[PDB]
file model07.csv (CSV, N, CA and C atoms and all ligand atoms)
chain,number,residue,atom,x,y,z
V,1,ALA,N,-0.5,-4.5,8.9
V,1,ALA,CA,-1.9,-5.0,8.5
V,1,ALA,C,-2.6,-3.9,7.7
V,2,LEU,N,-3.6,-4.4,6.9
V,2,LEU,CA,-4.4,-3.5,6.0
V,2,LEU,C,-4.9,-2.2,6.7
V,3,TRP,N,-5.6,-2.4,7.9
V,3,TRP,CA,-6.2,-1.3,8.6
V,3,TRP,C,-5.1,-0.3,9.1
V,4,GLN,N,-3.8,-0.8,9.2
V,4,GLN,CA,-2.7,0.1,9.6
V,4,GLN,C,-2.2,0.8,8.4
V,5,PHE,N,-2.3,0.2,7.2
V,5,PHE,CA,-1.8,0.8,6.0
V,5,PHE,C,-2.8,2.0,5.7
V,6,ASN,N,-4.1,1.8,6.1
V,6,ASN,CA,-5.1,2.8,5.9
V,6,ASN,C,-4.7,4.0,6.8
V,7,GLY,N,-4.2,3.8,8.0
V,7,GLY,CA,-3.8,4.8,8.9
V,7,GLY,C,-2.6,5.6,8.3
V,8,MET,N,-1.7,4.9,7.7
V,8,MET,CA,-0.5,5.5,7.1
V,8,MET,C,-0.9,6.5,6.0
V,9,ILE,N,-1.9,6.1,5.1
V,9,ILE,CA,-2.3,6.9,4.0
V,9,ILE,C,-3.0,8.2,4.6
V,10,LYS,N,-3.8,8.0,5.6
V,10,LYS,CA,-4.5,9.1,6.3
V,10,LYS,C,-3.4,10.1,6.9
V,11,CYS,N,-2.3,9.5,7.4
V,11,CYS,CA,-1.2,10.3,7.9
V,11,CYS,C,-0.6,11.3,6.9
V,12,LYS,N,-0.4,10.8,5.7
V,12,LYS,CA,0.1,11.5,4.6
V,12,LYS,C,-0.9,12.4,3.8
V,13,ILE,N,-2.1,11.8,3.7
V,13,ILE,CA,-3.2,12.5,3.0
V,13,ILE,C,-4.5,12.5,3.8
V,14,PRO,N,-4.6,13.4,4.8
V,14,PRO,CA,-5.7,13.6,5.7
V,14,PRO,C,-7.1,13.7,5.0
V,15,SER,N,-7.2,14.3,3.9
V,15,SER,CA,-8.4,14.4,3.2
V,15,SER,C,-8.8,13.2,2.3
V,16,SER,N,-8.1,12.2,2.4
V,16,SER,CA,-8.4,11.0,1.7
V,16,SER,C,-9.2,9.9,2.4
V,17,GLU,N,-9.8,9.0,1.7
V,17,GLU,CA,-10.6,7.9,2.2
V,17,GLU,C,-10.0,6.7,1.5
V,18,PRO,N,-8.9,6.2,2.1
V,18,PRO,CA,-8.1,5.1,1.6
V,18,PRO,C,-8.8,3.9,0.9
V,19,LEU,N,-9.6,3.2,1.7
V,19,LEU,CA,-10.3,2.0,1.1
V,19,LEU,C,-11.2,2.3,0.0
V,20,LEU,N,-11.5,3.6,-0.2
V,20,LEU,CA,-12.4,4.0,-1.3
V,20,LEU,C,-11.7,4.6,-2.4
V,21,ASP,N,-10.9,5.6,-2.1
V,21,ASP,CA,-10.1,6.3,-3.2
V,21,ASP,C,-9.0,5.5,-3.9
V,22,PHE,N,-8.3,4.6,-3.1
V,22,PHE,CA,-7.2,3.8,-3.7
V,22,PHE,C,-7.6,2.4,-4.0
V,23,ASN,N,-8.8,2.1,-4.3
V,23,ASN,CA,-9.3,0.8,-4.6
V,23,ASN,C,-10.0,0.9,-5.9
V,24,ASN,N,-9.8,-0.1,-6.8
V,24,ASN,CA,-10.4,-0.1,-8.1
V,24,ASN,C,-10.0,1.1,-8.9
V,25,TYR,N,-8.6,1.3,-8.9
V,25,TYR,CA,-8.0,2.4,-9.6
V,25,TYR,C,-6.9,1.8,-10.5
V,26,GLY,N,-6.9,2.2,-11.8
V,26,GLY,CA,-5.9,1.7,-12.7
V,26,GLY,C,-5.9,0.2,-12.9
V,27,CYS,N,-4.7,-0.3,-13.1
V,27,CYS,CA,-4.5,-1.7,-13.3
V,27,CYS,C,-3.9,-2.4,-12.0
V,28,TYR,N,-3.4,-1.7,-11.1
V,28,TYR,CA,-2.9,-2.3,-9.8
V,28,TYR,C,-3.5,-1.9,-8.5
V,29,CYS,N,-4.1,-0.8,-8.4
V,29,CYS,CA,-4.7,-0.3,-7.1
V,29,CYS,C,-6.0,-1.1,-6.8
V,30,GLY,N,-5.8,-2.2,-6.0
V,30,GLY,CA,-6.9,-3.0,-5.6
V,30,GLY,C,-6.3,-4.4,-5.5
V,31,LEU,N,-7.2,-5.4,-5.1
V,31,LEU,CA,-6.8,-6.7,-5.0
V,31,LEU,C,-6.3,-7.3,-6.3
V,32,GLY,N,-5.1,-7.7,-6.4
V,32,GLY,CA,-4.6,-8.3,-7.6
V,32,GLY,C,-4.0,-7.2,-8.5
V,33,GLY,N,-3.8,-7.5,-9.8
V,33,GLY,CA,-3.2,-6.5,-10.7
V,33,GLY,C,-2.1,-7.0,-11.6
V,34,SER,N,-2.1,-6.5,-12.8
V,34,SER,CA,-1.1,-6.9,-13.8
V,34,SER,C,-1.2,-6.0,-15.0
V,35,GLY,N,-0.2,-6.1,-15.9
V,35,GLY,CA,-0.2,-5.3,-17.1
V,35,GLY,C,0.6,-4.0,-16.9
V,36,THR,N,0.3,-3.0,-17.7
V,36,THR,CA,1.0,-1.8,-17.7
V,36,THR,C,0.3,-0.7,-16.8
V,37,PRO,N,1.0,-0.2,-15.8
V,37,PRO,CA,0.4,0.9,-15.0
V,37,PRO,C,-0.1,2.0,-15.9
V,38,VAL,N,-1.3,2.6,-15.6
V,38,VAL,CA,-1.8,3.7,-16.4
V,38,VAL,C,-1.2,5.1,-16.0
V,39,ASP,N,-0.7,5.2,-14.8
V,39,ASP,CA,-0.1,6.5,-14.4
V,39,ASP,C,0.8,6.3,-13.2
V,40,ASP,N,1.3,7.3,-12.6
V,40,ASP,CA,2.2,7.2,-11.5
V,40,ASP,C,1.6,6.6,-10.2
V,41,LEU,N,0.4,6.9,-9.9
V,41,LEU,CA,-0.3,6.3,-8.7
V,41,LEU,C,-0.4,4.8,-8.9
V,42,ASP,N,-0.8,4.4,-10.1
V,42,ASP,CA,-0.9,3.0,-10.5
V,42,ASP,C,0.5,2.3,-10.3
V,43,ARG,N,1.5,3.1,-10.6
V,43,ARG,CA,2.9,2.5,-10.4
V,43,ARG,C,3.2,2.4,-8.9
V,44,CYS,N,2.7,3.2,-8.1
V,44,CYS,CA,2.9,3.1,-6.7
V,44,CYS,C,2.3,1.8,-6.2
V,45,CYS,N,1.1,1.5,-6.7
V,45,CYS,CA,0.5,0.2,-6.3
V,45,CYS,C,1.1,-1.0,-6.9
V,46,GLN,N,1.7,-0.9,-8.1
V,46,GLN,CA,2.4,-2.0,-8.6
V,46,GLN,C,3.6,-2.3,-7.8
V,47,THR,N,4.3,-1.3,-7.4
V,47,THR,CA,5.5,-1.4,-6.5
V,47,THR,C,5.1,-2.1,-5.2
V,48,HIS,N,4.0,-1.6,-4.6
V,48,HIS,CA,3.4,-2.1,-3.3
V,48,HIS,C,3.0,-3.6,-3.5
V,49,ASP,N,2.4,-3.9,-4.6
V,49,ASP,CA,2.0,-5.3,-4.9
V,49,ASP,C,3.2,-6.2,-4.9
V,50,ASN,N,4.3,-5.8,-5.6
V,50,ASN,CA,5.5,-6.5,-5.6
V,50,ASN,C,6.1,-6.7,-4.2
V,51,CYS,N,6.0,-5.6,-3.4
V,51,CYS,CA,6.6,-5.6,-2.1
V,51,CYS,C,5.9,-6.6,-1.2
V,52,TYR,N,4.5,-6.7,-1.3
V,52,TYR,CA,3.8,-7.7,-0.6
V,52,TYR,C,4.1,-9.1,-1.0
V,53,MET,N,4.4,-9.3,-2.3
V,53,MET,CA,4.7,-10.6,-2.7
V,53,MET,C,6.1,-11.1,-2.1
V,54,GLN,N,7.0,-10.1,-2.0
V,54,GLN,CA,8.3,-10.4,-1.4
V,54,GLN,C,8.1,-10.8,0.0
V,55,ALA,N,7.2,-10.1,0.7
V,55,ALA,CA,7.0,-10.3,2.1
V,55,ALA,C,6.5,-11.7,2.4
V,56,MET,N,5.6,-12.2,1.5
V,56,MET,CA,5.0,-13.5,1.6
V,56,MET,C,6.1,-14.6,1.4
V,57,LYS,N,7.2,-14.3,0.7
V,57,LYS,CA,8.2,-15.2,0.4
V,57,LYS,C,9.4,-15.1,1.4
V,58,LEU,N,9.3,-14.0,2.2
V,58,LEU,CA,10.4,-13.7,3.2
V,58,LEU,C,10.5,-14.8,4.2
V,59,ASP,N,11.8,-15.2,4.4
V,59,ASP,CA,12.0,-16.3,5.4
V,59,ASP,C,11.6,-15.9,6.8
V,60,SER,N,11.7,-14.7,7.2
V,60,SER,CA,11.3,-14.2,8.5
V,60,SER,C,9.8,-14.2,8.8
V,61,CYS,N,9.0,-14.4,7.7
V,61,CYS,CA,7.6,-14.3,7.8
V,61,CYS,C,7.0,-15.8,7.8
V,62,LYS,N,6.3,-16.1,8.9
V,62,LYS,CA,5.7,-17.4,9.0
V,62,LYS,C,4.6,-17.6,7.9
V,63,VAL,N,4.4,-18.8,7.4
V,63,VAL,CA,3.4,-19.1,6.3
V,63,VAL,C,2.1,-18.6,7.0
V,64,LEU,N,0.8,-18.4,6.5
V,64,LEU,CA,-0.2,-17.4,6.7
V,64,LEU,C,-0.4,-16.3,7.5
V,65,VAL,N,0.1,-16.9,8.7
V,65,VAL,CA,0.0,-16.2,9.9
V,65,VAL,C,0.6,-14.8,9.8
V,66,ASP,N,1.7,-14.7,9.1
V,66,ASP,CA,2.4,-13.4,9.0
V,66,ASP,C,2.1,-12.6,7.7
V,67,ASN,N,1.1,-13.0,7.0
V,67,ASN,CA,0.8,-12.4,5.7
V,67,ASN,C,0.6,-10.9,5.9
V,68,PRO,N,0.9,-10.1,4.9
V,68,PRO,CA,0.8,-8.6,5.0
V,68,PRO,C,-0.5,-8.0,5.3
V,69,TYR,N,-1.6,-8.7,5.0
V,69,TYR,CA,-2.9,-8.1,5.2
V,69,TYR,C,-3.4,-8.1,6.7
V,70,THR,N,-3.0,-9.1,7.4
V,70,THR,CA,-3.4,-9.2,8.8
V,70,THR,C,-2.3,-9.1,9.9
V,71,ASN,N,-1.1,-9.0,9.4
V,71,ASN,CA,0.0,-8.9,10.4
V,71,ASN,C,0.2,-7.5,10.9
V,72,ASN,N,-0.2,-7.3,12.2
V,72,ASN,CA,0.0,-5.9,12.8
V,72,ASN,C,1.4,-5.6,13.1
V,73,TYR,N,1.8,-4.4,12.9
V,73,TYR,CA,3.2,-3.9,13.2
V,73,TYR,C,3.1,-2.6,14.0
V,74,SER,N,4.2,-2.1,14.4
V,74,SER,CA,4.2,-0.8,15.1
V,74,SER,C,4.7,0.3,14.2
V,75,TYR,N,4.0,1.4,14.2
V,75,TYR,CA,4.4,2.6,13.4
V,75,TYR,C,3.8,3.8,14.1
V,76,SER,N,4.4,5.0,13.7
V,76,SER,CA,3.9,6.2,14.3
V,76,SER,C,3.7,7.3,13.2
V,77,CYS,N,2.7,8.2,13.4
V,77,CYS,CA,2.4,9.3,12.5
V,77,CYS,C,2.8,10.6,13.2
V,78,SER,N,3.9,11.2,12.8
V,78,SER,CA,4.3,12.4,13.4
V,78,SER,C,4.4,13.6,12.4
V,79,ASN,N,3.5,14.6,12.6
V,79,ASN,CA,3.4,15.7,11.6
V,79,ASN,C,3.4,15.3,10.2
V,80,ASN,N,2.4,14.4,9.9
V,80,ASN,CA,2.3,13.8,8.5
V,80,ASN,C,3.5,13.1,8.1
V,81,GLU,N,4.2,12.5,9.0
V,81,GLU,CA,5.5,11.8,8.7
V,81,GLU,C,5.3,10.4,9.4
V,82,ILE,N,5.6,9.4,8.6
V,82,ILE,CA,5.5,8.0,9.1
V,82,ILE,C,6.8,7.4,9.6
V,83,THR,N,6.7,6.7,10.7
V,83,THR,CA,7.9,6.0,11.2
V,83,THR,C,7.6,4.6,11.6
V,84,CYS,N,8.5,3.6,11.1
V,84,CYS,CA,8.3,2.2,11.4
V,84,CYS,C,9.1,2.0,12.7
V,85,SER,N,8.5,1.4,13.7
V,85,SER,CA,9.2,1.2,15.0
V,85,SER,C,10.3,0.1,15.0
V,86,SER,N,11.3,0.4,15.8
V,86,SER,CA,12.4,-0.5,15.9
V,86,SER,C,12.0,-1.6,16.8
V,87,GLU,N,10.8,-1.6,17.2
V,87,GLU,CA,10.2,-2.7,18.1
V,87,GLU,C,9.7,-3.8,17.3
V,88,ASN,N,9.6,-3.6,16.0
V,88,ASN,CA,9.1,-4.6,15.1
V,88,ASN,C,10.1,-5.7,14.8
V,89,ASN,N,9.6,-6.9,14.6
V,89,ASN,CA,10.5,-8.0,14.2
V,89,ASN,C,10.8,-7.9,12.7
V,90,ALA,N,11.7,-8.7,12.2
V,90,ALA,CA,12.1,-8.7,10.8
V,90,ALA,C,11.0,-8.7,9.9
V,91,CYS,N,10.0,-9.6,10.1
V,91,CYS,CA,8.9,-9.7,9.2
V,91,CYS,C,8.0,-8.4,9.2
V,92,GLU,N,7.7,-8.0,10.4
V,92,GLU,CA,6.8,-6.8,10.6
V,92,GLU,C,7.5,-5.6,10.0
V,93,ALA,N,8.8,-5.4,10.2
V,93,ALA,CA,9.6,-4.3,9.7
V,93,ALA,C,9.5,-4.2,8.2
V,94,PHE,N,9.6,-5.3,7.6
V,94,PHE,CA,9.6,-5.4,6.1
V,94,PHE,C,8.2,-4.9,5.6
V,95,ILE,N,7.2,-5.5,6.2
V,95,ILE,CA,5.8,-5.1,5.8
V,95,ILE,C,5.5,-3.6,6.1
V,96,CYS,N,5.9,-3.2,7.2
V,96,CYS,CA,5.7,-1.8,7.6
V,96,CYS,C,6.4,-0.8,6.6
V,97,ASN,N,7.6,-1.2,6.1
V,97,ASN,CA,8.2,-0.4,5.1
V,97,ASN,C,7.5,-0.4,3.7
V,98,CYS,N,6.9,-1.6,3.4
V,98,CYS,CA,6.1,-1.7,2.2
V,98,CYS,C,5.1,-0.6,2.2
V,99,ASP,N,4.3,-0.6,3.3
V,99,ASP,CA,3.2,0.3,3.5
V,99,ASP,C,3.7,1.8,3.5
V,100,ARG,N,4.8,2.0,4.3
V,100,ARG,CA,5.3,3.4,4.4
V,100,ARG,C,5.7,3.9,3.0
V,101,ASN,N,6.4,3.1,2.2
V,101,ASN,CA,6.9,3.6,0.9
V,101,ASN,C,5.7,3.9,0.0
V,102,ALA,N,4.6,3.1,0.1
V,102,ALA,CA,3.4,3.3,-0.7
V,102,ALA,C,2.7,4.5,-0.3
V,103,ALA,N,2.5,4.7,1.1
V,103,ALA,CA,1.8,5.9,1.6
V,103,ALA,C,2.5,7.2,1.1
V,104,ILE,N,3.8,7.2,1.2
V,104,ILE,CA,4.6,8.3,0.7
V,104,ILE,C,4.4,8.5,-0.8
V,105,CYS,N,4.5,7.4,-1.5
V,105,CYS,CA,4.4,7.4,-3.0
V,105,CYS,C,3.0,8.0,-3.4
V,106,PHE,N,1.9,7.5,-2.7
V,106,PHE,CA,0.6,8.0,-3.0
V,106,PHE,C,0.5,9.5,-2.8
V,107,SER,N,1.2,10.0,-1.8
V,107,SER,CA,1.2,11.4,-1.5
V,107,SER,C,1.9,12.3,-2.4
V,108,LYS,N,2.7,11.7,-3.3
V,108,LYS,CA,3.5,12.5,-4.3
V,108,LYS,C,3.1,12.5,-5.7
V,109,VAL,N,2.0,11.8,-6.0
V,109,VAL,CA,1.5,11.6,-7.4
V,109,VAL,C,0.1,12.2,-7.5
V,110,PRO,N,-0.2,12.6,-8.7
V,110,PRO,CA,-1.6,13.1,-9.0
V,110,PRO,C,-2.6,12.0,-9.0
V,111,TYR,N,-3.9,12.4,-8.6
V,111,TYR,CA,-5.0,11.4,-8.6
V,111,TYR,C,-5.9,11.8,-9.8
V,112,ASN,N,-6.0,10.9,-10.7
V,112,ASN,CA,-6.8,11.0,-11.9
V,112,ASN,C,-8.1,10.2,-11.8
V,113,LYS,N,-9.2,10.8,-11.4
V,113,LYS,CA,-10.4,10.0,-11.2
V,113,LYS,C,-10.9,9.3,-12.5
V,114,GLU,N,-10.4,9.6,-13.7
V,114,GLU,CA,-10.8,9.0,-14.9
V,114,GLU,C,-10.2,7.6,-15.0
V,115,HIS,N,-9.3,7.3,-14.1
V,115,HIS,CA,-8.6,5.9,-14.1
V,115,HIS,C,-9.3,4.9,-13.2
V,116,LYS,N,-10.4,5.3,-12.6
V,116,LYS,CA,-11.1,4.5,-11.7
V,116,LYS,C,-12.0,3.5,-12.5
V,117,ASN,N,-12.2,2.3,-12.0
V,117,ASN,CA,-13.0,1.3,-12.7
V,117,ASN,C,-12.6,1.0,-14.1
V,118,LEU,N,-11.4,0.8,-14.4
V,118,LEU,CA,-10.9,0.5,-15.8
V,118,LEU,C,-11.1,-1.0,-16.0
V,119,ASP,N,-11.6,-1.3,-17.3
V,119,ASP,CA,-11.7,-2.7,-17.6
V,119,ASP,C,-10.4,-3.3,-17.9
V,120,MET,N,-10.2,-4.6,-17.6
V,120,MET,CA,-9.0,-5.3,-17.9
V,120,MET,C,-8.4,-5.1,-19.3
V,121,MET,N,-9.2,-4.8,-20.2
V,121,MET,CA,-8.8,-4.7,-21.6
V,121,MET,C,-7.8,-3.5,-21.8
V,122,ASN,N,-7.7,-2.6,-20.8
V,122,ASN,CA,-6.8,-1.5,-20.8
V,122,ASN,C,-5.5,-1.7,-20.2
V,123,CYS,N,-5.3,-2.9,-19.7
V,123,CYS,CA,-4.0,-3.3,-19.0
V,123,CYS,C,-3.0,-4.0,-19.9
Z,1,CA,CA,-2.9,-4.6,-6.3
Z,2,CA,CA,2.5,-8.8,14.2
call {"tool": "encode", "arguments": {"input": "model07.csv", "output": "structure tokens", "more": "lines below"}}
Ligand SMILES: [Ca+2]
Ligand SMILES: [Ca+2]
result
Amino acid sequence: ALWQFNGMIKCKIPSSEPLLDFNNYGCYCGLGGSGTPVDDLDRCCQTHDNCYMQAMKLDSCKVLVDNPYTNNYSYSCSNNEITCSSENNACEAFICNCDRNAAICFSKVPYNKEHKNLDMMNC
């Protein structure tokens, strides 16, 4: 679930404010997204967006009910390291890995504040 993805990002980047820092950034960081990613962070979000789309089409995920935004799963934060629990069902495990991969990706790319609030004409 979204609030859990927030926790994952905090796990990897303690000094960050997820819902603020990684929203309205580039062409993909935020609700929706299309076009050409402006930098590596934007590419992280593009990959995450595609991952969420796959989850919604996944056979193991029930129609709304198991959507990526509100479907809670089990995960752990150990020394700034994320772990998806083997207690998760197939649907939850897929979503948890979508988030885990993105959290890690965010932590390995530079943050360029000049890419915030870009108009669609730049995508
Ligand atoms: Ca997006
Ligand atoms: Ca669940």
call {"tool": "atom_distance", "arguments": {"input": "model07.csv", "atom1": "atom C of residue V:20", "atom2": "atom N of residue V:65"}}
result
26.9 Å
call {"tool": "residues_around", "arguments": {"input": "model07.csv", "residues": "residue V:86", "least_positions_apart": "5", "cutoff": "8 Å", "atoms": "only N, CA and C atoms", "output": "VMD selection string"}}
result
chain V and resid 74 to 75 93
call {"tool": "closest_residue", "arguments": {"input": "model07.csv", "among": "V:95, V:9, V:31, V:44", "to": "residue V:71", "atoms": "only N, CA and C atoms"}}
result
V:95
call {"tool": "residues_near_ligand", "arguments": {"input": "model07.csv", "ligand": "ligand CA 1 (chain Z)", "cutoff": "12 Å", "atoms": "only C-alpha atoms and all ligand atoms", "output": "PyMOL selection string"}}
result
chain V and resi 22-35+37+41-53+102
call {"tool": "closest_residue", "arguments": {"input": "model07.csv", "among": "V:114, V:99, V:81, V:66", "to": "ligand CA 2 (chain Z)", "atoms": "only N, CA and C atoms and all ligand atoms"}}
result
V:66
call {"tool": "select_by_dssp", "arguments": {"input": "model07.csv", "residues": "stretch 18-104 of chain V", "states": "helix (DSSP H, G or I)", "output": "number ranges by chain"}}
result
V: 18-21, 40-57, 64-66, 90-104
call {"tool": "residues_near_ligand", "arguments": {"input": "model07.csv", "ligand": "ligand CA 2 (chain Z)", "cutoff": "6 Å", "atoms": "all atoms listed in the file", "output": "PDB file with N, CA and C atoms, in the frame of the given file"}}
result
ATOM      1  N   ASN V  71      -1.100  -9.000   9.400  1.00  0.00           N
ATOM      2  CA  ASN V  71       0.000  -8.900  10.400  1.00  0.00           C
ATOM      3  C   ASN V  71       0.200  -7.500  10.900  1.00  0.00           C
ATOM      4  N   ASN V  72      -0.200  -7.300  12.200  1.00  0.00           N
ATOM      5  CA  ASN V  72       0.000  -5.900  12.800  1.00  0.00           C
ATOM      6  C   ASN V  72       1.400  -5.600  13.100  1.00  0.00           C
ATOM      7  N   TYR V  73       1.800  -4.400  12.900  1.00  0.00           N
ATOM      8  CA  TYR V  73       3.200  -3.900  13.200  1.00  0.00           C
ATOM      9  C   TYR V  73       3.100  -2.600  14.000  1.00  0.00           C
ATOM     10  N   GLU V  92       7.700  -8.000  10.400  1.00  0.00           N
ATOM     11  CA  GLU V  92       6.800  -6.800  10.600  1.00  0.00           C
ATOM     12  C   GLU V  92       7.500  -5.600  10.000  1.00  0.00           C
TER      13      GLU V  92
END
call {"tool": "closest_residue", "arguments": {"input": "model07.csv", "among": "V:123, V:109, V:77, V:67", "to": "residue V:7", "atoms": "all atoms listed in the file"}}
result
V:77
call {"tool": "select_by_dssp", "arguments": {"input": "model07.csv", "residues": "stretch 39-117 of chain V", "states": "strand (DSSP E)", "output": "VMD selection string"}}
result
chain V and resid 75 to 77 82 to 84
call {"tool": "closest_residue", "arguments": {"input": "model07.csv", "among": "V:84, V:105, V:117, V:15", "to": "residue V:40", "atoms": "all atoms listed in the file"}}
result
V:105
call {"tool": "decode", "arguments": {"input": "model07.csv", "residues": "stretch 2-15 of chain V", "atoms": "N, CA, C and O atoms", "output": "mmCIF file, in the first residue's frame"}}
result
data_model
loop_
_atom_site.group_PDB
_atom_site.id
_atom_site.type_symbol
_atom_site.label_atom_id
_atom_site.label_comp_id
_atom_site.auth_asym_id
_atom_site.auth_seq_id
_atom_site.Cartn_x
_atom_site.Cartn_y
_atom_site.Cartn_z
ATOM 1 N N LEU V 2 0.313 2.351 -0.495
ATOM 2 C CA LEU V 2 1.018 3.625 -0.594
ATOM 3 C C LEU V 2 1.748 4.039 0.682
ATOM 4 O O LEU V 2 2.938 4.364 0.648
ATOM 5 N N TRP V 3 1.041 4.033 1.807
ATOM 6 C CA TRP V 3 1.652 4.422 3.070
ATOM 7 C C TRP V 3 2.818 3.516 3.461
ATOM 8 O O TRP V 3 3.701 3.923 4.215
ATOM 9 N N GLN V 4 2.830 2.295 2.938
ATOM 10 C CA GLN V 4 3.911 1.358 3.222
ATOM 11 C C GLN V 4 5.101 1.639 2.311
ATOM 12 O O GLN V 4 6.255 1.456 2.699
ATOM 13 N N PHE V 5 4.809 2.081 1.094
ATOM 14 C CA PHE V 5 5.847 2.425 0.131
ATOM 15 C C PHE V 5 6.586 3.627 0.722
ATOM 16 O O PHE V 5 7.802 3.756 0.592
ATOM 17 N N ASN V 6 5.835 4.496 1.391
ATOM 18 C CA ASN V 6 6.411 5.678 2.028
ATOM 19 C C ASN V 6 7.432 5.224 3.069
ATOM 20 O O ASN V 6 8.530 5.775 3.163
ATOM 21 N N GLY V 7 7.066 4.197 3.828
ATOM 22 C CA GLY V 7 7.951 3.665 4.847
ATOM 23 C C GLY V 7 9.212 3.080 4.245
ATOM 24 O O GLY V 7 10.298 3.215 4.809
ATOM 25 N N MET V 8 9.080 2.420 3.099
ATOM 26 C CA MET V 8 10.245 1.839 2.439
ATOM 27 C C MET V 8 11.236 2.920 2.029
ATOM 28 O O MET V 8 12.442 2.769 2.222
ATOM 29 N N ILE V 9 10.725 4.008 1.461
ATOM 30 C CA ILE V 9 11.579 5.103 1.026
ATOM 31 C C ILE V 9 12.301 5.711 2.228
ATOM 32 O O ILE V 9 13.483 6.050 2.140
ATOM 33 N N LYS V 10 11.594 5.843 3.347
ATOM 34 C CA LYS V 10 12.199 6.379 4.570
ATOM 35 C C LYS V 10 13.299 5.430 5.052
ATOM 36 O O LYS V 10 14.320 5.865 5.589
ATOM 37 N N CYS V 11 13.077 4.133 4.860
ATOM 38 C CA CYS V 11 14.038 3.102 5.253
ATOM 39 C C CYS V 11 15.374 3.307 4.531
ATOM 40 O O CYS V 11 16.445 3.213 5.137
ATOM 41 N N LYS V 12 15.300 3.601 3.236
ATOM 42 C CA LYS V 12 16.490 3.810 2.415
ATOM 43 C C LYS V 12 17.035 5.232 2.452
ATOM 44 O O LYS V 12 18.244 5.438 2.363
ATOM 45 N N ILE V 13 16.140 6.205 2.582
ATOM 46 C CA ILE V 13 16.523 7.611 2.618
ATOM 47 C C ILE V 13 15.825 8.292 3.800
ATOM 48 O O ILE V 13 14.793 8.936 3.639
ATOM 49 N N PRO V 14 16.391 8.147 5.007
ATOM 50 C CA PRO V 14 15.856 8.723 6.246
ATOM 51 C C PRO V 14 15.585 10.224 6.222
ATOM 52 O O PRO V 14 14.636 10.693 6.843
ATOM 53 N N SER V 15 16.416 10.973 5.510
ATOM 54 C CA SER V 15 16.273 12.424 5.442
ATOM 55 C C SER V 15 15.248 12.895 4.418
ATOM 56 O O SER V 15 15.101 14.095 4.182
#
